[PDB]
Chemist: 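One structure is given below, represented as structure tokens, and several questions about it will come after.
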Amino acid sequence: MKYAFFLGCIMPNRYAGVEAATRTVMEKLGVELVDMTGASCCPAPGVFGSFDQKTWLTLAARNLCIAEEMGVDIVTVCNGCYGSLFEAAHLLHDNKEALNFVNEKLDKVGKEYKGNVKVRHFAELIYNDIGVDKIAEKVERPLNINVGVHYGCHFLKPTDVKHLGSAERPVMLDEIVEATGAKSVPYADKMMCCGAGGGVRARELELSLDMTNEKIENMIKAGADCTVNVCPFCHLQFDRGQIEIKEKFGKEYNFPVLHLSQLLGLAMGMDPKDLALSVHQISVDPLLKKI
Amino acid sequence: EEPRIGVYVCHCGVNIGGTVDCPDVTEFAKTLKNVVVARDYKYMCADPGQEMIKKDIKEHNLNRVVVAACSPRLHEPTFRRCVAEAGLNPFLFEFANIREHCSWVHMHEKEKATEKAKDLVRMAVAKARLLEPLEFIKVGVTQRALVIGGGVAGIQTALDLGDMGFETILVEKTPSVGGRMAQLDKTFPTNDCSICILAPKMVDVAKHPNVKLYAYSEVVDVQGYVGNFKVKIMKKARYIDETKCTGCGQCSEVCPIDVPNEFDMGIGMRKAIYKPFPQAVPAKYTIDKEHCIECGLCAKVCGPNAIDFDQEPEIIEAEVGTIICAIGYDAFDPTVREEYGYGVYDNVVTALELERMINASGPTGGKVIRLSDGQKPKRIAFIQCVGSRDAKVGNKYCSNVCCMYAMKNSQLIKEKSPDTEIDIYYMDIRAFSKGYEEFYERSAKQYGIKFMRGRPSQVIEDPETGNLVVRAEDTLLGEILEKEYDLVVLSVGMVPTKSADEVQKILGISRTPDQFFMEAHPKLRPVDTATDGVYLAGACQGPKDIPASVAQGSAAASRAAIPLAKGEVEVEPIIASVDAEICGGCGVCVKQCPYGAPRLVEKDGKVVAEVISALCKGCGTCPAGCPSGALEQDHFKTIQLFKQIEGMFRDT
Amino acid sequence: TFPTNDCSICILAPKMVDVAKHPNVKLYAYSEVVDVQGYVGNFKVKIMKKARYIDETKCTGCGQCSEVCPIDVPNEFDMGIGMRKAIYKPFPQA
Amino acid sequence: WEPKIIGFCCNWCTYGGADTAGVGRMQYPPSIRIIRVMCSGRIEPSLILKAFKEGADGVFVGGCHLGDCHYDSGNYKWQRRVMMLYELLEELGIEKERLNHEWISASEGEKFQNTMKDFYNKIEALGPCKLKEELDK
Amino acid sequence: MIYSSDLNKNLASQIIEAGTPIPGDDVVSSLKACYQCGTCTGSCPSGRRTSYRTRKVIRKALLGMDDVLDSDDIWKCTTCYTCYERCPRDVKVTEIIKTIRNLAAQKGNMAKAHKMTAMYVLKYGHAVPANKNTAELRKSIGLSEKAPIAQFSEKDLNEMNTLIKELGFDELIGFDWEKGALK
Amino acid sequence: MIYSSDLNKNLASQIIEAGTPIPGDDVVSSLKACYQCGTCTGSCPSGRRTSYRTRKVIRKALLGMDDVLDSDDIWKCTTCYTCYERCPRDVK
Ligand SMILES: Cc1cc2nc3c(=O)[nH]c(=O)nc-3n(C[C@H](O)[C@H](O)[C@H](O)COP(=O)(O)OP(=O)(O)OC[C@H]3O[C@@H](n4cnc5c(N)ncnc54)[C@H](O)[C@@H]3O)c2cc1C
Ligand SMILES: C[C@@H](OP(=O)(O)O)[C@H](NC(=O)CCCCCCS)C(=O)O
Ligand code: SF4
Ligand code: SF4
Ligand code: SF4
Ligand code: SF4
Ligand code: SF4
Ligand code: SF4
Ligand code: SF4
Ligand code: SF4
Ligand code: SF4
Ligand code: SF4
Ligand code: SF4
Ligand SMILES: O=S(=O)(O)CCS
Ligand code: FES
Ligand SMILES: [Fe+3]
């Protein structure tokens with residue numbers, strides 16, 4: 001398996017520990033990971049789709065052109081990038097007036113999208129193509145902790161195009177993190193938004209934090225020792241949001257936040273420091289204590 | 001004689017004329033070879049239109065008539081009778097479909113729709129030139145009827161037919177007749193005891209001199225045509241002697257297999273040997289061989305030794321003249337709507353499970369109890385339109401009865417427990433028939449039942465208590481509700497019954513977009529099918545309540561009685577025949593027919609093929625596969641279709 | 001007519017035609033039942049067949065007469081909108 | 001230029017699917033003209049080739065779903081004939097895509113609508129089939 | 001009180017045309033299938049703590065109430081797609097709200113923090129550009145201190161600036177090129 | 001947001017009982033016949049210049065929102081009786 005590795009923005013520029021975690025995690029599962037030189041903002045579908053639908057698709061189709069001219073499919077680590085590029089690839093393949101509009105724009109940069117790129121999410125790629133058995137075989141240190149799984153919205157949905165099964169009651173990420181030896185705990189409104197998407201974090205910050213705090217409460221009330229995500233924006237919102245939540249609401253939880261690649265990382269015998277866990281603004285050390 | 005064709009282009013008021021330039025089509029039709037008369041009129045099927053055709057047939061000595069209008073599936077018989085009254089043979093008439101196939105599907109391209117209608121007229125005129133006079137085939141009608149399905153709708157049809165003096169067979173798949181009406185506790189809007197009013201009908205049909213009831217039986221094969229059907233009924237083995245068995249039920253205790261009691265929608269368990277419900281007709285016990293482990297413990301307790309595993313299914317061969325399908329419906333499975341939690345939460349139930357819980361004969365003795373702790377629920381939420389009016393599950397129709405039955409059982413719960421709070425989450429209250437609106441007002445004013453206008457978005461279970469939170473916008477307030485309930489009832493809609501696929505293939509009938517069976521036309525023939533001699537009655541034709549199914553039951557009895565009373569119908573002579581001078585006895589055609597009509601015979605000291613006109617239905621497959629061209633089906637000859645293909649591009 | 005959006009004439013008019021020439025149906029148009037006596041199977045009914053003032057057997061229905069009529073009448077079939085002659089036929093497909 | 005498409009539909013289900021699309025006012029392009037037959041088993045290679053000879057840019061055939069044939073098994077004969085017919089059209093230099101067969105029940109008005117839309121666009125993209133003008137020399 | 005003069009008959013058709021061909025005519029015209037059930041509103045997590053009612057947005061569009069384009073509430077949608085999943089009438093609500101937001105942005109009702117985010121991608125190629133904390137942290141971890149992203153490749157930044165003008169996106173956000181700041 | 005705990009399931013029955021025997025059980029229990037058509041609100045002159053929606057008052061009662069009793073809006077009814085005249089459900 002050779003995959004063009006779309007980086008996005010948050011993971012490379014703020015949570016690089018996830019990038020290090022992912023490169024090794026998938027290294028051992030047996031995927032050569034290529035770089036897409038010059039890939040930009042995907043661009044974020046919630047914010048830019050809301051600003052100008054044409055701009056979202058044109059700039060998104062361009063990043064896809066990078067991968068097809070490389071002759072390779074994209075894998076991404078973020079629901080935001082996954083949604084934006086997957087929906088872009090799907091819309092251009094399925095709507096020919098949208099495709100004509102885009103290539104008339106990509107013509108001015110010597111580019112043309114022709115429809116070969118497949119967009120894949122690394123968690124879905126792990127489930128469908130690699131196998132969850134190959135995740136358990138590789139656990140160097142089992143993690144017997146209770147984990148509050150946060151799927152994020154742009155992973156499974158829209159189900160009519162993603163074809164990743166149920167968005168109301170999924171098992172895909174729960175089986176992945178349980179293969180590490182952990183227990184996925186049920187909690188109230190599990191599939192609800194973290195609050196950050198759609199430009200809301202930037203425009204209505206506490207509105208987003210009210211929804212993250214709702215999620216955190218339900219997780220700990222279900223006995224979760226940490227949360228796990230498949231999206232850097234969820235990561236920053238759950239992580240940096242807790243600093244903010246404390247400053248503005250007065251709620252303090254010290255609730256550790258992990259991206260799945262980092263949690264799988266520990267399963268593989270990775271060093272805390274190459275995970276840049278110190279970079280988390282809420283200390284994971286209470287978690288490292290229990291593991 | 002050379003063809004003299006009259007072409008008639010209808011406006012259908014504006015349904016055609018509004019899109020297709022009908023005057024311009026008639027002008028174009030006059031330029032065609034053999035067309036001597038061409039007119040456009042607002043309603044060709046109306047009296048002035050039919051008199052117009054017949055007056056032209058006589059005054060202009062027409063030998064062909066083309067009508068460019070609606071589908072022949074609607075009015076082909078109508079115009080065949082029209083032209084036959086003026087002397088013209090019914091099969092020198094050709095139908096061009098410029099409405100369903102043109103005006104109604106090209107409303108935004110009038111110029112092309114008009115051009116298209118001209119082509120469709122020319123293709124019709126092309127085939128018309130080569131049409132030949134055919135004689136309708138008179139066949140005797142067997143003076144017997146078959147009703148498939150023993151619910152209130154099928155029972156009504158058999159009683160009506162039996163009371164008219166027609167022999168009638170009633171085939172019921174389950175052990176007992178009665179249908180879902182036998183599962184209801186009460187019936188809106190009168191709240192009559194459902195079984196208590198239906199049981200006299202079940203009694204009557206079992207005792208009727210002109211009705212033979214085959215319970216625990218299924219139709220497994222239907223052959224022939226209207227008035228000449230030959231059907232096979234498999235009387236499945238109960239493995240109990242109807243003659244030697246009491247119906248007391250002292251063999252269930254000696255059974256180690258517990259089976260989902262389907263009559264109670266699986267809420268209570270039944271034994272391998274069982275009787276569906278106490279009021280069952282016939283009142284005889286049955287053993288489900290599927291779950292039977294054949295350990296024989298029941299046989300040791302059985303006194304009469306009525307138990308015989310050797311019992312074999314017996315096939316009944318019977319000739320009938322008409323068939324009425326009345327196989328009913330099933331309840332929608334609301335598992336697919338995962339946000340509501342059915343099959344996941346203990347205290348979420350369907351409304352048809354509720355009927356069984358409320359019914360005194362039911363598994364709970366008529367007591368509404370939560371399936372998590374068995375306590376009585378004090379707060380109950382009804383959710384409407386579950387599985388209906390919902391594109392996400394593929395059911396874009398209204399199930400017709402759920403609004404009324406949800407208010408009904410809300411009344412019956414209030415009567416057994418006045419202090420129960422009951423909320424109904426709805427979108428439209430559809431209380432549309434006599435006494436229904438009053439029943440709706442009564443539910444709110446007399447029984448204090450609450451109505452929230454807002455389809456719930458999800459149900460959330462409290463894992464501690466098992467209770468349920470329903471979340472919905474009170475759309476009449478603009479605020480989001482989050483009320484807690486002890487039991488949530490999903491007002492599930494109606495879907496076709498499981499075996500509707502099997503029945504559909506046996507009878508050869510179609511289905512509407514809602515997946516129920518397709519009537520010939522909703523207003524012209526509401527209980528006929530396009531298959532002659534096959535009729536519909538009840539919920540198998542579409543969601544509806546009991547008075548509607550009964551009316552269709554009686555309607556289907558009237559319609560099915562017409563051929564029986566006439567004793568003689570006419571079938572289409574669009575049959576295949578072999579030209580013996582061209583047939584060399586290749587043998588290709590004999591295996592192509594599923595009814596074995598083409599056969600190898602020796603003629604004039606040599607081998608030719610020959611088709612039994614009586615076994616040919618007119619599908620036209622064997623003439624299409626014939627290498628020598630000796631086989632041809634009248635009214636659909638290759639040369640006639642050839643001219644029709646040319647007619648699209650050019651006149652002839 | 002809903003929900004097929006056929007014309008009403010599509011479904012009704014052929015039925016109107018069939019009923020008028022059915023060999024077992026005697027149609028008494030412009031007529032009313034004025035008395036019914038008896039019981040099931042044994043009803044004796046009296047029908048007042050109102051006077052049209054046009055011998056129907058001789059009537060053609062061409063409509064030439066309506067053109068000459070010098071008076072106007074509120075046409076009930078059109079719910080008091082359209083106005084007819086005193087010599088009339090309810091609607092063109094009657 | 002507009003594609004000339006010829007259709008063959010069985011009387012029972014597919015013709016009922018086209019009627020259903022008309023009853024529902026389900027718009028689709030006006031290229032096709034439909035010829036009625038009782039059964040798709042009536043359709044044979046000779047009718048398809050005849051249509052292409054006359055000038056057809058596309059040929060559509062619709063029958064009941066496999067198993068739902070009003071005459072039990074007419075469609076199975078047709079399905080075997082059309083699979084041969086696809087590759088025969090290629091040996092003659094006629095694009096496989098110019099022939100389209102679908103299974104459409106009376107309930108499937110929407111499916112018939114989109115089949116008519118997809119087939120029109122396919123043939124419209126292919127341009128006219130030039131057989132009739134090659135034979136006219 | 002609401003009168004005919006306060007209503008815009010073309011609002012729904014305007015929204016539709018703004019969504020053509022992206023995200024699609026059929027996608028955005030689904031707003032005309034809504035029958036005001038309110039399942040979307042009940043699913044909205046933003047609605048459970050604000051005055052935002054998803055159904056009311058759809059309603060005001062169908063009715064012709066233009067003040068939707070000026071409302072703050074359309075901007076509280078996180079695009080979770082939950083209503084999209086549950087709508088019984090196949091209304092593509094999430095795509096409809098984004099299209100309505102396009103017209104709101106073309107009406108000048110775009111948040112400054114939102115205008116900023118658009119500037120960052122225009123200027124550095126990324127809504128969240130790299131810091132020097134990005135360098136020294138990626139230094140500690142063993143990664144390329146600068147990611148192989150458009151930000152450190154002005155060939156691609158050339159390409160994006162190209163497309164943005166062609167799309168008129170810079171004038172929508174009111175950005176000036178030489179001062180490199182918003183007006 | 002509105003939860004069960006903020007609702008009073010018996011509010012409508014209080015109003016009824018408060019109206020017995022004056023102005024009458026049948027008079028005030030007509031509150032349970034309302035089907036939220038909004039004819040009253042369209043007729044209300046107070047509603048034409050305030051946030052007062054007659055139908056919402058009836059609605060809030062049936063649902064159990066006690067804040068009706070503390071609301072200023074119930075006091076903006078002038079008792080003109082116009083809704084009474086036009087209500088299709090005989091709501092007094
Ligand atoms: C929860 C609920 C509450 C309702 N409440 C009311 C109410 O209060 N009042 C009211 O009027 N209506 C009510 N209805 C609707 C009512 O149930 C139907 O109108 C009624 O059952 C229709 O009768 P039927 O004979 O047409 O179909 P069915 O009642 O389903 O009977 C069909 C019969 O055919 C048999 N059958 C099925 N397949 C085959 C086969 N292949 N071969 C032979 N036999 C077969 C079945 O066993 C059954 O006996 C309710 C429906 C539901 C779901
Ligand atoms: C700008 C950013 O702040 P920082 O510059 O990272 O401190 C932060 N989110 C954003 O708006 C980033 C744009 C949206 C990216 C999410 C796509 S998943 C905010 O404004 O609250
Ligand atoms: S029905 Fe067929 S014929 Fe009678 S009108 Fe409508 S279309 Fe013309
Ligand atoms: S036991 Fe022997 S007898 Fe009593 S019922 Fe079952 S079978 Fe008929
Ligand atoms: S035999 Fe089959 S049925 Fe008779 S008892 Fe043992 S199990 Fe129950
Ligand atoms: S009936 Fe009342 S409930 Fe059953 S569907 Fe039509 S509406 Fe939804
Ligand atoms: S196929 Fe044509 S030829 Fe061969 S037998 Fe049957 S008929 Fe005679
Ligand atoms: S035609 Fe269809 S039916 Fe008549 S015979 Fe040849 S096959 Fe059997
Ligand atoms: S005139 Fe009026 S009446 Fe005398 S015939 Fe012609 S129509 Fe019948
Ligand atoms: S759900 Fe689909 S329909 Fe019910 S409201 Fe929100 S949108 Fe209109
Ligand atoms: S999408 Fe915008 S609206 Fe539809 S739900 Fe998630 S948030 Fe509420
Ligand atoms: S009118 Fe009578 S019914 Fe319609 S609302 Fe005002 S009160 Fe309730
Ligand atoms: S009465 Fe009180 S309420 Fe009914 S209308 Fe006049 S004011 Fe508005
Ligand atoms: O913020 S966006 O909605 O654009 C992407 C969510 S990860
Ligand atoms: S009848 Fe339609 S395919 Fe045979
Ligand atoms: Fe009784």
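Note on naming: letters A, B, ... go to the chains in the order of the sequence lines (proteins, then strands), and numbering restarts at 1 for each one. Counting convention: from 1, in listed order, for ligands and their atoms alike.
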Chemist: Non-hydrogen atoms of B/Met494 versus ligand 1: any pair closer than 4.0 Å?
Modeler: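 Contact check B/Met494 vs ligand 1: negative.
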Chemist: Let me see the working for B/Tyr535 and B/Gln541 under side chain to side chain donor-acceptor pair (under 3.5 Å), right down to the final yes or no.
Modeler: CA-CA 10 Å; B/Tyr535 308 87; B/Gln541 192 269 336; over 6 Å; no
Chemist: Would B/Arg180 pass as a cation-pi partner of B/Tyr329, given that its NZ or CZ must be under 6.0 Å from the six-membered ring centre and within 45 degrees of the axis?
Modeler: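 Verdict for B/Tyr329: a cation-pi partner in B/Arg180.
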Chemist: Please state which option from B/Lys408, B/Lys544, B/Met181 has its nearest heavy atom closest to atom 8 (O) of ligand 1.
Modeler: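 Shortest heavy-atom distance from atom 8 (O) of ligand 1: B/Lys408.
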Chemist: I'd like the residue list for ligand 10, meaning every protein residue with a non-hydrogen atom under 4.0 Å from the ligand.
Modeler: E/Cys34, E/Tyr35, E/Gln36, E/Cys37, E/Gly38, E/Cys40, E/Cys87, E/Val91
Chemist: Out of B/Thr174, B/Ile327, B/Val489, B/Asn191, indicate the one that has the non-hydrogen atom closest to atom 37 (C) of ligand 1.
Modeler: B/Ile327
Chemist: Less than 4.0 Å is my threshold; does some heavy atom of B/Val177 fall inside it relative to ligand 1?
Modeler: no
Chemist: Would you give me the side-chain donor-acceptor pairs under 3.5 Å for residues 397-405 of chain B, sequence neighbours excluded?
Modeler:
from, atom 1, to, atom 2, distance (Å)
B/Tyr397, OH, B/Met494, O, 2.6
B/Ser399, OG, B/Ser388, OG, 2.9
B/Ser399, OG, B/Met494, N, 2.7
B/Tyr405, OH, B/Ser491, O, 3.4
B/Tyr405, OH, B/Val492, N, 3.0
B/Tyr405, OH, B/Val492, O, 2.6

Chemist: Do the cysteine sulfurs of E/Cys34 and E/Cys37 sit under 2.5 angstrom from one another?
Modeler: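 Looking at E/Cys37 and E/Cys34, their sulfur gamma atoms do not lie closer than 2.5 Å, so the answer is no.
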Chemist: Check contact between B/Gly150 and ligand 1, using heavy atoms of the residue and a distance below 4.0 angstrom.
Modeler: yes
Chemist: Could you work out, for atom 49 (O) of ligand 1, the closest of B/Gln183, B/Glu502, B/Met407, B/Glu172 by heavy-atom distance?
Modeler: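 Nearest heavy atom to atom 49 (O) of ligand 1 lies in B/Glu172.
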Chemist: Is there a nitrogen or oxygen of B/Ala539 sitting under 3.5 Å from a nitrogen or oxygen of ligand 1?
Modeler: yes
Chemist: For the residue pair E/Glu95 / E/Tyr81, report whether a side-chain donor-acceptor contact shorter than 3.5 Å exists.
Modeler: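 Judged by distance alone, the side chains do pair up.
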Chemist: Assess whether a salt bridge exists between B/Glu355 and B/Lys186, defined as any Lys/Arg side-chain N lying under 4.0 Å from an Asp/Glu carboxylate O.
Modeler: no
Chemist: Looking at B/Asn191, I want to see if its CG is surrounded by more than 12 non-hydrogen atoms of other residues, nucleotides or ligands under 6.0 Å.
Modeler: yes
Chemist: Assess B/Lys236 against B/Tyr216: is NZ or CZ under 6.0 Å from the centre of the six-membered ring, and within 45 degrees of the ring's axis?
Modeler: yes
Chemist: Heavy-atom contact check, 4.0 Å cutoff: does B/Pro547 meet ligand 1?
Modeler: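 A heavy atom of B/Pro547 does come that close to ligand 1.
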Chemist: Tell me whether B/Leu352 has any N or O atom under 3.5 angstrom from an N or O of ligand 1.
Modeler: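 No - when backbone and side-chain N and O of B/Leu352 are compared with those of ligand 1, no distance drops under 3.5 Å.
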Chemist: Are B/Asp390 and B/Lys392 close enough for a salt bridge, meaning some N to O gap below 4.0 Å?
Modeler: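 Not counted as a salt bridge, because no side-chain N and carboxylate O are separated by less than 4.0 Å.
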